[PDB]
file entry.cif (mmCIF, C-alpha atoms (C1' of nucleotides) and all ligand atoms)
data_data
#
loop_
_atom_site.label_atom_id
_atom_site.label_comp_id
_atom_site.auth_asym_id
_atom_site.auth_seq_id
_atom_site.Cartn_x
_atom_site.Cartn_y
_atom_site.Cartn_z
CA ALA A 2 109.30 116.49 71.81
CA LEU A 3 107.54 119.47 73.39
CA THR A 4 109.77 122.42 74.19
CA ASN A 5 110.16 123.92 77.65
CA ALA A 6 108.48 127.06 76.30
CA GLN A 7 105.66 124.97 74.87
CA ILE A 8 105.22 123.15 78.17
CA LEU A 9 104.97 126.40 80.13
CA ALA A 10 102.39 127.49 77.58
CA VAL A 11 100.30 124.51 78.57
CA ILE A 12 100.64 124.96 82.31
CA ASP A 13 99.56 128.58 81.90
CA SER A 14 96.49 127.78 79.79
CA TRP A 15 95.74 125.17 82.45
CA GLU A 16 95.94 127.57 85.41
CA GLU A 17 93.60 130.00 83.59
CA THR A 18 90.90 127.53 82.80
CA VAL A 19 91.20 126.02 86.24
CA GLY A 20 91.20 129.51 87.77
CA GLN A 21 87.59 129.82 86.82
CA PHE A 22 86.27 126.81 88.46
CA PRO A 23 83.86 127.69 91.27
CA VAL A 24 85.71 128.39 94.53
CA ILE A 25 84.65 126.48 97.64
CA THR A 26 85.49 127.56 101.19
CA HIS A 27 86.24 124.62 103.41
CA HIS A 28 86.96 124.54 107.17
CA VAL A 29 89.52 121.87 107.91
CA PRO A 30 91.18 120.67 111.10
CA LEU A 31 94.83 121.55 111.10
CA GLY A 32 95.46 119.74 114.32
CA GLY A 33 96.07 120.88 117.86
CA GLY A 34 92.34 121.43 118.11
CA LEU A 35 92.76 124.25 115.64
CA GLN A 36 90.56 125.01 112.67
CA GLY A 37 91.60 126.64 109.40
CA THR A 38 90.11 127.64 106.05
CA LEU A 39 90.88 126.44 102.53
CA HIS A 40 89.63 127.29 99.04
CA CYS A 41 89.21 124.53 96.49
CA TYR A 42 88.65 125.24 92.79
CA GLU A 43 86.38 122.27 92.09
CA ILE A 44 85.82 120.99 88.55
CA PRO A 45 82.15 120.71 87.67
CA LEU A 46 80.25 117.52 88.47
CA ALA A 47 79.07 116.99 84.88
CA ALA A 48 80.01 118.29 81.42
CA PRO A 49 81.01 120.75 80.51
CA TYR A 50 83.85 120.68 83.00
CA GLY A 51 86.20 123.12 81.32
CA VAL A 52 88.20 124.08 78.29
CA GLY A 53 90.11 120.90 77.36
CA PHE A 54 88.94 118.87 80.37
CA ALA A 55 87.19 115.51 80.17
CA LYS A 56 86.15 112.76 82.48
CA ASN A 57 87.78 109.38 81.97
CA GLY A 58 86.36 108.12 85.25
CA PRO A 59 84.00 108.99 88.18
CA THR A 60 86.65 111.08 89.91
CA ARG A 61 89.09 110.98 87.00
CA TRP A 62 89.82 113.63 84.36
CA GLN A 63 92.24 114.48 81.58
CA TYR A 64 93.55 117.72 80.05
CA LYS A 65 94.12 117.73 76.31
CA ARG A 66 95.87 120.28 74.06
CA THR A 67 96.71 120.07 70.36
CA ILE A 68 100.17 121.42 69.43
CA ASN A 69 101.64 121.58 65.91
CA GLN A 70 98.99 119.11 64.75
CA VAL A 71 99.59 116.53 67.47
CA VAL A 72 97.16 115.93 70.36
CA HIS A 73 98.64 115.82 73.85
CA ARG A 74 96.89 114.56 76.91
CA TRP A 75 97.78 114.36 80.58
CA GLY A 76 96.08 113.74 83.87
CA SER A 77 93.97 116.71 84.97
CA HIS A 78 96.24 117.04 88.00
CA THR A 79 99.65 116.21 86.51
CA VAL A 80 100.16 119.45 84.58
CA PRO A 81 101.63 121.73 87.29
CA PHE A 82 104.50 119.26 87.49
CA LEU A 83 105.26 118.76 83.84
CA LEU A 84 108.79 119.99 84.22
CA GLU A 85 109.47 117.89 87.38
CA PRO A 86 110.83 114.26 87.07
CA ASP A 87 108.56 111.20 87.10
CA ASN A 88 110.37 109.03 89.65
CA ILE A 89 112.20 109.54 92.93
CA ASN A 90 114.45 106.73 94.10
CA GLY A 91 112.85 104.51 91.49
CA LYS A 92 109.39 105.43 92.72
CA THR A 93 106.83 106.77 90.24
CA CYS A 94 105.51 110.21 91.26
CA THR A 95 101.89 111.29 91.10
CA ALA A 96 99.80 114.29 92.06
CA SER A 97 98.80 114.37 95.74
CA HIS A 98 95.84 116.37 97.07
CA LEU A 99 96.85 118.24 100.19
CA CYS A 100 93.18 119.14 100.66
CA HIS A 101 92.03 115.58 100.05
CA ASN A 102 89.50 116.88 97.52
CA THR A 103 89.59 115.20 94.10
CA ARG A 104 87.35 117.65 92.25
CA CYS A 105 89.63 120.45 93.48
CA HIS A 106 92.38 121.47 91.00
CA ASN A 107 94.05 124.35 92.84
CA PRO A 108 97.82 123.73 92.36
CA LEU A 109 98.38 125.32 95.77
CA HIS A 110 96.63 122.24 97.17
CA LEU A 111 98.76 119.75 95.24
CA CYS A 112 102.17 118.07 95.14
CA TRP A 113 104.42 115.65 93.26
CA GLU A 114 105.21 112.64 95.46
CA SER A 115 105.26 108.86 95.50
CA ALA A 116 102.12 106.79 96.01
CA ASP A 117 103.22 105.91 99.56
CA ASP A 118 103.92 109.49 100.70
CA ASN A 119 100.58 110.49 99.21
CA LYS A 120 98.65 107.89 101.22
CA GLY A 121 100.55 108.68 104.38
CA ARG A 122 99.12 112.17 104.56
CA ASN A 123 95.80 110.40 105.10
CA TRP A 124 96.71 109.75 108.73
CA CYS A 125 98.85 112.85 109.36
CA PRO A 126 98.02 114.76 112.59
CA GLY A 127 98.09 117.99 110.65
CA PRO A 128 100.50 120.97 110.44
CA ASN A 129 99.20 122.00 113.85
CA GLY A 130 98.98 118.48 115.23
CA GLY A 131 102.66 117.81 114.66
CA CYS A 132 103.10 117.08 110.94
CA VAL A 133 106.68 116.26 109.93
CA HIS A 134 106.21 116.04 106.17
CA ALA A 135 109.01 117.75 104.26
CA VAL A 136 106.32 119.50 102.23
CA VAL A 137 103.98 120.32 105.12
CA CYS A 138 100.33 119.29 105.12
CA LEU A 139 97.68 122.08 104.83
CA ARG A 140 95.32 119.96 106.83
CA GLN A 141 95.19 116.96 109.15
CA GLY A 142 94.47 113.59 107.52
CA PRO A 143 90.78 112.66 107.32
CA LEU A 144 91.68 109.34 108.88
CA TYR A 145 93.78 110.55 111.81
CA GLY A 146 92.38 109.26 115.07
CA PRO A 147 92.62 106.43 117.66
CA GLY A 148 90.67 104.09 115.43
CA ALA A 149 87.94 101.59 116.23
CA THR A 150 90.15 98.50 116.74
CA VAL A 151 87.99 95.71 118.03
CA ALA A 152 90.41 93.33 119.80
CA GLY A 153 93.95 93.92 121.06
CA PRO A 154 96.88 91.46 121.28
CA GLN A 155 96.29 88.61 123.70
CA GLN A 156 97.17 84.99 124.31
CA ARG A 157 95.16 82.46 126.26
CA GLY A 158 98.00 80.31 127.44
CA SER A 159 101.45 81.74 127.98
CA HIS A 160 103.39 80.29 125.08
CA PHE A 161 104.43 83.84 124.08
CA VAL A 162 106.17 87.04 125.18
CA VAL A 163 106.57 90.41 123.46
CA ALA B 2 77.54 75.77 114.12
CA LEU B 3 80.73 75.41 116.18
CA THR B 4 80.22 75.87 119.89
CA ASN B 5 82.03 78.42 121.96
CA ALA B 6 83.79 75.52 123.72
CA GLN B 7 84.73 74.07 120.34
CA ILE B 8 86.08 77.42 119.17
CA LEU B 9 88.37 77.96 122.15
CA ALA B 10 89.56 74.42 121.50
CA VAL B 11 90.74 75.61 118.11
CA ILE B 12 92.39 78.77 119.30
CA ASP B 13 94.28 76.77 121.91
CA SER B 14 95.46 74.14 119.46
CA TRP B 15 96.53 77.09 117.30
CA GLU B 16 98.49 78.93 120.01
CA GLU B 17 100.19 75.62 120.75
CA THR B 18 101.43 74.85 117.25
CA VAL B 19 102.26 78.51 116.73
CA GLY B 20 104.24 78.58 119.96
CA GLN B 21 106.90 76.32 118.43
CA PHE B 22 107.63 78.44 115.47
CA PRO B 23 111.19 79.70 115.60
CA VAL B 24 111.43 82.91 117.65
CA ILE B 25 113.09 85.93 116.07
CA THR B 26 114.41 88.87 118.03
CA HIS B 27 113.94 92.15 116.22
CA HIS B 28 115.07 95.65 117.15
CA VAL B 29 112.46 98.17 116.17
CA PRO B 30 112.16 101.96 116.52
CA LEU B 31 109.42 102.88 119.03
CA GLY B 32 109.84 106.55 118.23
CA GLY B 33 111.34 109.43 120.14
CA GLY B 34 114.69 108.14 118.92
CA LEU B 35 114.09 105.16 121.17
CA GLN B 36 114.67 101.58 120.20
CA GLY B 37 112.97 98.49 121.56
CA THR B 38 112.93 94.73 121.06
CA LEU B 39 110.28 92.35 119.73
CA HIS B 40 109.99 88.58 119.32
CA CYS B 41 108.19 87.26 116.26
CA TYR B 42 107.14 83.61 115.96
CA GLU B 43 107.70 83.24 112.22
CA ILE B 44 106.07 80.47 110.22
CA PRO B 45 108.64 78.56 108.12
CA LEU B 46 109.49 79.75 104.61
CA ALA B 47 108.52 76.43 103.09
CA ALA B 48 106.56 73.29 103.93
CA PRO B 49 106.22 71.94 106.36
CA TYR B 50 104.95 75.10 108.01
CA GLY B 51 103.17 73.50 110.91
CA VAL B 52 100.28 71.37 112.07
CA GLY B 53 97.25 72.27 110.00
CA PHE B 54 98.96 75.18 108.30
CA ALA B 55 99.25 75.69 104.57
CA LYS B 56 100.27 78.29 102.07
CA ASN B 57 97.53 79.60 99.81
CA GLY B 58 99.84 82.43 98.72
CA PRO B 59 103.43 83.83 98.89
CA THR B 60 102.70 85.53 102.19
CA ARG B 61 99.33 83.89 102.80
CA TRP B 62 98.44 80.88 104.98
CA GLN B 63 95.40 79.04 106.29
CA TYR B 64 94.67 77.01 109.42
CA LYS B 65 92.47 73.95 109.01
CA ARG B 66 90.85 71.69 111.60
CA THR B 67 88.37 68.83 111.17
CA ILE B 68 85.52 68.69 113.67
CA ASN B 69 82.77 66.10 113.91
CA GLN B 70 83.51 65.08 110.34
CA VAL B 71 83.54 68.56 108.85
CA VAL B 72 86.65 70.46 107.84
CA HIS B 73 87.01 74.06 108.97
CA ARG B 74 89.45 76.52 107.52
CA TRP B 75 90.32 80.07 108.42
CA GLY B 76 93.09 82.59 107.84
CA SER B 77 96.29 81.69 109.66
CA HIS B 78 96.00 84.99 111.57
CA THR B 79 92.25 85.24 112.01
CA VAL B 80 91.99 82.54 114.73
CA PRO B 81 92.79 84.63 117.84
CA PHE B 82 89.71 86.68 117.05
CA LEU B 83 87.14 83.95 116.28
CA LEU B 84 84.80 85.03 119.08
CA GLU B 85 85.04 88.72 118.16
CA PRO B 86 82.65 90.30 115.58
CA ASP B 87 83.55 90.64 111.89
CA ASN B 88 82.54 94.26 111.31
CA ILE B 89 82.72 97.54 113.20
CA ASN B 90 80.47 100.38 112.01
CA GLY B 91 79.80 98.29 108.91
CA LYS B 92 83.52 97.88 108.21
CA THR B 93 84.94 94.36 107.82
CA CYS B 94 87.65 93.65 110.36
CA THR B 95 90.88 91.82 109.58
CA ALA B 96 94.03 90.89 111.42
CA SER B 97 96.69 93.69 111.61
CA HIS B 98 100.33 93.00 112.32
CA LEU B 99 101.59 95.36 114.98
CA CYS B 100 105.10 94.17 114.18
CA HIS B 101 104.61 94.51 110.43
CA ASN B 102 105.93 90.99 109.92
CA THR B 103 103.71 88.67 107.89
CA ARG B 104 105.44 85.39 108.71
CA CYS B 105 105.07 86.23 112.42
CA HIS B 106 102.00 84.72 114.10
CA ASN B 107 102.45 85.81 117.71
CA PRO B 108 98.95 86.92 118.86
CA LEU B 109 100.63 89.48 121.08
CA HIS B 110 101.68 91.11 117.81
CA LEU B 111 98.16 91.15 116.37
CA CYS B 112 94.77 92.88 116.47
CA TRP B 113 91.30 92.93 114.90
CA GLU B 114 90.62 96.20 113.10
CA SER B 115 89.32 97.64 109.86
CA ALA B 116 91.49 97.70 106.73
CA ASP B 117 92.03 101.43 107.05
CA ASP B 118 93.10 101.41 110.65
CA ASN B 119 95.53 98.60 109.78
CA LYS B 120 97.10 100.62 106.98
CA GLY B 121 97.35 103.74 109.07
CA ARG B 122 99.73 102.11 111.52
CA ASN B 123 102.13 102.08 108.56
CA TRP B 124 102.82 105.80 109.09
CA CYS B 125 102.43 105.94 112.90
CA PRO B 126 105.27 107.73 114.73
CA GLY B 127 105.32 104.88 117.21
CA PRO B 128 104.31 104.47 120.90
CA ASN B 129 107.33 106.59 121.80
CA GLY B 130 106.92 108.95 118.84
CA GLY B 131 103.45 110.04 119.87
CA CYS B 132 101.10 107.25 118.76
CA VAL B 133 97.43 107.92 119.56
CA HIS B 134 95.96 104.61 118.43
CA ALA B 135 93.35 103.27 120.86
CA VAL B 136 95.19 99.95 120.80
CA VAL B 137 98.75 101.30 121.04
CA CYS B 138 101.36 100.44 118.41
CA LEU B 139 104.23 98.08 119.29
CA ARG B 140 106.53 99.95 116.96
CA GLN B 141 106.68 103.04 114.77
CA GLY B 142 105.39 102.55 111.25
CA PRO B 143 108.01 101.47 108.69
CA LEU B 144 106.93 104.32 106.46
CA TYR B 145 106.94 107.12 109.00
CA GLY B 146 109.14 110.00 107.89
CA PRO B 147 109.27 113.33 106.02
CA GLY B 148 109.07 111.56 102.67
CA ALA B 149 110.74 112.24 99.33
CA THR B 150 108.15 114.60 97.74
CA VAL B 151 109.63 115.94 94.48
CA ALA B 152 107.65 119.17 93.94
CA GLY B 153 105.52 121.14 96.33
CA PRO B 154 102.44 123.34 95.60
CA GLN B 155 103.11 126.24 93.23
CA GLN B 156 101.43 128.45 90.63
CA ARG B 157 103.10 130.36 87.79
CA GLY B 158 100.56 133.09 87.41
CA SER B 159 98.47 134.45 90.28
CA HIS B 160 95.11 132.92 89.49
CA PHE B 161 95.00 131.23 92.91
CA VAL B 162 95.20 131.61 96.69
CA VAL B 163 95.30 128.96 99.49
"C1'" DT C 1 95.99 66.31 108.12
"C1'" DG C 2 100.00 67.77 103.73
"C1'" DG C 3 100.71 70.56 99.84
"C1'" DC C 4 99.75 72.75 96.34
"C1'" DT C 5 96.29 75.20 93.27
"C1'" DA C 6 93.74 79.54 91.23
"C1'" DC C 7 91.07 84.06 92.33
"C1'" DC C 8 89.57 88.10 95.32
"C1'" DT C 9 89.12 93.48 97.37
"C1'" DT C 10 91.55 98.25 98.05
"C1'" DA C 11 91.55 103.47 97.20
"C1'" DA C 12 94.76 107.28 95.28
"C1'" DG D 1 96.69 108.15 91.51
"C1'" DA D 2 97.42 106.68 86.40
"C1'" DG D 3 97.24 105.19 80.93
"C1'" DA D 4 94.93 104.86 75.98
"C1'" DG D 5 90.88 104.83 72.40
"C1'" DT D 6 87.13 106.42 69.39
"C1'" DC D 7 83.13 108.05 67.60
"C1'" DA D 8 81.97 113.25 66.27
"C1'" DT E 1 88.17 120.19 71.34
"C1'" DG E 2 83.56 117.29 73.32
"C1'" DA E 3 82.06 113.17 75.77
"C1'" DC E 4 81.72 109.44 76.46
"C1'" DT E 5 84.05 104.40 76.79
"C1'" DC E 6 87.81 100.84 78.33
"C1'" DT E 7 91.97 98.51 81.63
"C1'" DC E 8 95.94 99.22 85.08
"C1'" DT E 9 98.68 99.79 89.62
"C1'" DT E 10 99.52 98.92 94.86
"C1'" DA E 11 100.67 96.15 98.87
"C1'" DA E 12 97.45 95.20 102.64
"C1'" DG F 1 94.63 91.54 104.20
"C1'" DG F 2 90.90 86.82 103.05
"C1'" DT F 3 87.47 82.28 100.87
"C1'" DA F 4 87.59 78.01 98.40
"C1'" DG F 5 88.90 73.38 95.48
"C1'" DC F 6 91.39 69.06 94.55
"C1'" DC F 7 94.06 64.89 95.31
"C1'" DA F 8 96.85 61.74 98.12
MG MG G 201 96.33 112.71 99.27
MG MG G 202 99.70 96.32 108.20
ZN ZN G 203 91.73 122.40 97.72
ZN ZN G 204 101.88 115.93 107.07
ZN ZN G 205 105.55 89.85 115.34
ZN ZN G 206 100.23 103.79 116.39
#
call {"tool": "encode", "arguments": {"input": "entry.cif", "output": "structure tokens"}}
result
Amino acid sequence: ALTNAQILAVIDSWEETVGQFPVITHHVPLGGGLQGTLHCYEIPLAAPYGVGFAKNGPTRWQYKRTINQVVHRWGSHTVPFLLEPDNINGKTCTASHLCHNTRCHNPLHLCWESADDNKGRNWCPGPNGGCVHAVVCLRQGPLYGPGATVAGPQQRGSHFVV
Amino acid sequence: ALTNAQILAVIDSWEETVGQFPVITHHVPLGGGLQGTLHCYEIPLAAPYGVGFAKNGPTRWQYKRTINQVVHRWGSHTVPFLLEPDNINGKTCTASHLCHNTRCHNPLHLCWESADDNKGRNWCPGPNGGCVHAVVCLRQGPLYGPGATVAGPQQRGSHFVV
DNA sequence: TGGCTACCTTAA
DNA sequence: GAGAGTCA
DNA sequence: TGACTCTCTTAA
DNA sequence: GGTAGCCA
């Protein structure tokens, strides 16, 4: 349907509108006991959010553009990867926040990857903690840590071995 | 209701019946390019599963014991931790497989931790890969890796910075 | 018990 | 992390 | 376009 | 990953 040139047109209008979202400076742990700085372009909390942006859910938004009399809509974060495929190895791709900030829409803090790879980053040590992600992390997962496990493995008798 | 003495009674009857489940020897990656061995006590695929065991779902089971004329039922993997609390920092605890094998019921391959901690193990490098979990992992997550991310962060214009 | 049933909560 | 709809 | 509304997906 | 019902 849409032409490559028309797509690009969209992406570009996107980047502009997004470009004017307020910029927020965030200190994030990169790992290795090192701290870094990031800048998220966060969509407003309430309307108006932007030109062509709407909220379909609490932390959900959609971008909509009319072209040759037909309305087109996509996920507020799916645009930068409109030219990229929509499945890798049979796995549907989505937009993953590398900053772990939903409201943020900076494409530099985003990526196209499966739902599993996306979640994984949640527990990643960080680029400085030892991240091994093909597309490196810009920050250490917000869940990385030793955890708060209550009870470990244990048997009362001796009916088992490891 | 149930007394501590009564509880232990359960756990023991559990460990007993569980102890006779067929034992399966599995080779698993511990990380660091190292391989180890584990022994899972897998519940049968179909009935009969065991003494007081039933299937409430494809990969779901329940243990049931009658005591002083009142039936008691729990999750086939929750028993080992019946004396332990049911929430840490306000987070409900569950049973996490350290071997990542549902059918397995070996308490040496189990632990009581939040739902998030449980999931995190999924991407853990392993005890030999660099695991930092308070309650060490028995194997490296089955999802650990660089991933198959299709597109990385990128902007067409120059409206952004990291 | 034995053996099924149907329904539930998650963050992205 | 997604889809679609419906008033204006 | 503006601004609201709805249901879905996933394996733990 | 987890709670409960029904019928022999
Ligand atoms: Mg993410
Ligand atoms: Mg698990
Ligand atoms: Zn950001
Ligand atoms: Zn990473
Ligand atoms: Zn096991
Ligand atoms: Zn671990």
call {"tool": "residues_near_ligand", "arguments": {"input": "entry.cif", "ligand": "ligand MG 201 (chain G)", "cutoff": "12 Å", "atoms": "only C-alpha atoms (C1' of nucleotides) and all ligand atoms", "output": "compact mmCIF listing (two decimals) with C-alpha atoms (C1' of nucleotides), in the frame of the given file"}}
result
# COMPACT_ATOMS: atom_id res chain seq x y z
CA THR A 95 101.89 111.29 91.10
CA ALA A 96 99.80 114.29 92.06
CA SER A 97 98.80 114.37 95.74
CA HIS A 98 95.84 116.37 97.07
CA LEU A 99 96.85 118.24 100.19
CA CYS A 100 93.18 119.14 100.66
CA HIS A 101 92.03 115.58 100.05
CA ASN A 102 89.50 116.88 97.52
CA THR A 103 89.59 115.20 94.10
CA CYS A 105 89.63 120.45 93.48
CA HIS A 110 96.63 122.24 97.17
CA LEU A 111 98.76 119.75 95.24
CA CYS A 112 102.17 118.07 95.14
CA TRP A 113 104.42 115.65 93.26
CA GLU A 114 105.21 112.64 95.46
CA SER A 115 105.26 108.86 95.50
CA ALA A 116 102.12 106.79 96.01
CA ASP A 117 103.22 105.91 99.56
CA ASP A 118 103.92 109.49 100.70
CA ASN A 119 100.58 110.49 99.21
CA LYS A 120 98.65 107.89 101.22
CA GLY A 121 100.55 108.68 104.38
CA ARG A 122 99.12 112.17 104.56
CA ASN A 123 95.80 110.40 105.10
CA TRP A 124 96.71 109.75 108.73
CA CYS A 125 98.85 112.85 109.36
CA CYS A 138 100.33 119.29 105.12
CA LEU A 139 97.68 122.08 104.83
CA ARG A 140 95.32 119.96 106.83
CA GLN A 141 95.19 116.96 109.15
CA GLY A 142 94.47 113.59 107.52
CA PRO A 143 90.78 112.66 107.32
CA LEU A 144 91.68 109.34 108.88
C1' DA C 11 91.55 103.47 97.20
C1' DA C 12 94.76 107.28 95.28
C1' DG D 1 96.69 108.15 91.51
call {"tool": "closest_atom_pairs", "arguments": {"input": "entry.cif", "of": "chain A", "to": "chain E", "cutoff": "8 Å", "atoms": "all atoms listed in the file", "output": "CSV"}}
result
residue,atom,partner,partner_atom,distance
A:48,CA,E:3,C1',7.9
A:52,CA,E:1,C1',8.0
A:53,CA,E:1,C1',6.4
A:55,CA,E:3,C1',7.2
A:56,CA,E:3,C1',7.9
call {"tool": "residues_near_ligand", "arguments": {"input": "entry.cif", "ligand": "ligand ZN 204 (chain G)", "cutoff": "7 Å", "atoms": "all atoms listed in the file", "output": "PyMOL selection string"}}
result
chain A and resi 122+125-128+132-134+137-138
call {"tool": "residues_around", "arguments": {"input": "entry.cif", "residues": "residue 68 in chain B", "least_positions_apart": "5", "cutoff": "9 Å", "atoms": "only C-alpha atoms (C1' of nucleotides)", "output": "ChimeraX atom specification"}}
result
/B:3,7,73
call {"tool": "atom_distance", "arguments": {"input": "entry.cif", "atom1": "CA of residue 70 in chain B", "atom2": "CA of residue 4 in chain B"}}
result
14.8 Å
call {"tool": "interface_residues", "arguments": {"input": "entry.cif", "of": "chain C", "to": "chain B", "cutoff": "10 Å", "atoms": "all atoms listed in the file", "output": "PyMOL selection string"}}
result
chain C and resi 1-6+10
call {"tool": "atom_distance", "arguments": {"input": "entry.cif", "atom1": "CA of residue 107 in chain A", "atom2": "CA of residue 63 in chain A"}}
result
15.1 Å
call {"tool": "atom_distance", "arguments": {"input": "entry.cif", "atom1": "atom ZN of ligand ZN 203 (chain G)", "atom2": "CA of residue 147 in chain B"}}
result
21.4 Å
call {"tool": "interface_residues", "arguments": {"input": "entry.cif", "of": "chain F", "to": "chain B", "cutoff": "9 Å", "atoms": "only C-alpha atoms (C1' of nucleotides)", "output": "MDAnalysis selection string"}}
result
chainID F and resid 1:3
call {"tool": "closest_residue", "arguments": {"input": "entry.cif", "among": "B:81, B:45, B:130, B:158", "to": "residue 145 in chain B", "atoms": "all atoms listed in the file"}}
result
B:130
call {"tool": "build_atoms", "arguments": {"input": "entry.cif", "residues": "range 121-132 of chain B", "atoms": "N, CA, C and O atoms", "output": "mmCIF file, keeping the file's coordinate frame"}}
result
data_model
loop_
_atom_site.group_PDB
_atom_site.id
_atom_site.type_symbol
_atom_site.label_atom_id
_atom_site.label_comp_id
_atom_site.auth_asym_id
_atom_site.auth_seq_id
_atom_site.Cartn_x
_atom_site.Cartn_y
_atom_site.Cartn_z
ATOM 1 N N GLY B 121 96.898 102.554 108.382
ATOM 2 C CA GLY B 121 97.350 103.740 109.070
ATOM 3 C C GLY B 121 98.566 103.531 109.961
ATOM 4 O O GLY B 121 99.457 104.378 110.035
ATOM 5 N N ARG B 122 98.605 102.402 110.652
ATOM 6 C CA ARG B 122 99.730 102.110 111.520
ATOM 7 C C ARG B 122 101.035 102.229 110.728
ATOM 8 O O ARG B 122 102.088 102.517 111.289
ATOM 9 N N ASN B 123 100.958 102.012 109.421
ATOM 10 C CA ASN B 123 102.130 102.080 108.560
ATOM 11 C C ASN B 123 102.897 103.392 108.667
ATOM 12 O O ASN B 123 104.108 103.422 108.456
ATOM 13 N N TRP B 124 102.195 104.477 108.988
ATOM 14 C CA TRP B 124 102.820 105.800 109.090
ATOM 15 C C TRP B 124 102.782 106.365 110.506
ATOM 16 O O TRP B 124 103.013 107.565 110.694
ATOM 17 N N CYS B 125 102.486 105.512 111.492
ATOM 18 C CA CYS B 125 102.430 105.940 112.900
ATOM 19 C C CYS B 125 103.820 106.219 113.441
ATOM 20 O O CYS B 125 104.731 105.424 113.264
ATOM 21 N N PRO B 126 103.981 107.337 114.161
ATOM 22 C CA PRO B 126 105.270 107.730 114.730
ATOM 23 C C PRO B 126 105.822 106.709 115.713
ATOM 24 O O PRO B 126 107.029 106.661 115.967
ATOM 25 N N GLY B 127 104.926 105.891 116.254
ATOM 26 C CA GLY B 127 105.320 104.880 117.210
ATOM 27 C C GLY B 127 104.775 105.207 118.591
ATOM 28 O O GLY B 127 104.299 106.324 118.812
ATOM 29 N N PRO B 128 104.805 104.249 119.536
ATOM 30 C CA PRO B 128 104.310 104.470 120.900
ATOM 31 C C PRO B 128 105.159 105.487 121.658
ATOM 32 O O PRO B 128 104.706 106.112 122.615
ATOM 33 N N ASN B 129 106.396 105.648 121.204
ATOM 34 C CA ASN B 129 107.330 106.590 121.800
ATOM 35 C C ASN B 129 107.462 107.854 120.947
ATOM 36 O O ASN B 129 108.090 108.831 121.362
ATOM 37 N N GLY B 130 106.880 107.817 119.749
ATOM 38 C CA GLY B 130 106.920 108.950 118.840
ATOM 39 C C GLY B 130 105.704 109.841 119.051
ATOM 40 O O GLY B 130 105.713 111.016 118.699
ATOM 41 N N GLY B 131 104.651 109.273 119.628
ATOM 42 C CA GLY B 131 103.450 110.040 119.870
ATOM 43 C C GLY B 131 102.201 109.341 119.382
ATOM 44 O O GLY B 131 101.185 109.996 119.159
ATOM 45 N N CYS B 132 102.254 108.017 119.234
ATOM 46 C CA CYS B 132 101.100 107.250 118.760
ATOM 47 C C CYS B 132 99.838 107.560 119.564
ATOM 48 O O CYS B 132 99.904 107.737 120.773
#
